[PDB]
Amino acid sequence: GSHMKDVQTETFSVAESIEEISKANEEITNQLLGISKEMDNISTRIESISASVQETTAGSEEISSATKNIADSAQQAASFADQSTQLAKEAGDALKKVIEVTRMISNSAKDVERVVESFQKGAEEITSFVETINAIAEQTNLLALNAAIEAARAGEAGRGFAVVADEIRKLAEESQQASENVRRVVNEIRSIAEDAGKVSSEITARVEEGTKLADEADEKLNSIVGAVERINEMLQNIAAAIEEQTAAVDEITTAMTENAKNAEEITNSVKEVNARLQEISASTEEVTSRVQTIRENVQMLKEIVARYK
């Protein structure tokens, strides 16, 4: 009696307990389903993260190639800056030596007023020397004609006097013709002498206007040098940017190989996780199959209580 009424109380508790194990094991199989969906999310995301790595490598490759173009285009631009700097120092040295030439044009052209006025001096000098010869001539002429006219008034012997006096008068007026000719040339000499002072004033004016006008290009040449040394200063800043770019691109490629090495280990850990889950599912399967061998046996004790008890 109490021998079977306890065999019942007993099988009541085990039938009651095994049923809790069945749901505790049902709760477990569910959690396993959720874990998998999360393991696949890791997997899928670990695939996109891997794709994120390829895009970037492409960017480091474009950047580098781009920084190489910039490092070379600049390395060559700077070289023309020294060529422009040299053609400047050169064009500078040339132009400053044209002034030296123009300054020699100063003293050398100066020696001209000595010449223009030395000839201009032979004006009243020669003109007065000639004006005197005119006076002498017209006086010999009047003097000569007077003997000739006065001598002729006597007669016989006056013939002889009138002849010589008249030939002297003829020569007297030959000197007057000579003097009126030596005059036109001394007057021409005048203009060609005076109108010449007008050129000494033009060459001196053109010496100064052309000389300082040369030193306008010299400053302009100086300004390109400055302009060019600023350009070089600019290429130099560009070198430094390039250096920063080469360093920054590198640390990026290291950070990117590091991602491939970490995404791989997650993929492998996910792999290990999945296996471990497939083994959890195994043991969970063994509890389900054994919850049968207990329930069957827990109600097989029922018909033994109905009879014996």
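A residue's number is simply how far along the shown sequence it sits, counting from 1.
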Using only the Cα atoms and their B-factors as the entry lists them, report which of 223 to 231 and 191 to 199 averages higher.
191 to 199
State which stretch shows the higher mean Cα B factor in the entry: 82 to 90 or 163 to 171.
82 to 90
Based on the PDB entry, the highest CA temperature factor among the options 142, 149, 77, 109 is that of 109
Among 185, 71, 95, 136, single out the one with the highest C-alpha B factor in the record, please.
185
Looking at the C-alpha B-factor of residue 291, is it in the lowest, middle or highest third of its chain?
middle
Assigned third (lowest, middle, highest) for the C-alpha B factor of residue 207:
highest
Can you tell me whether residue 238 has a C-alpha B-factor in the lowest, middle or highest third compared with the other modelled residues of the same chain?
lowest
Would the CA B-factor of residue 13 place it in the lowest, middle or highest third of its chain?
middle
Name the third of the chain's ranked CA B-factors that contains residue 297, choosing lowest, middle or highest.
middle
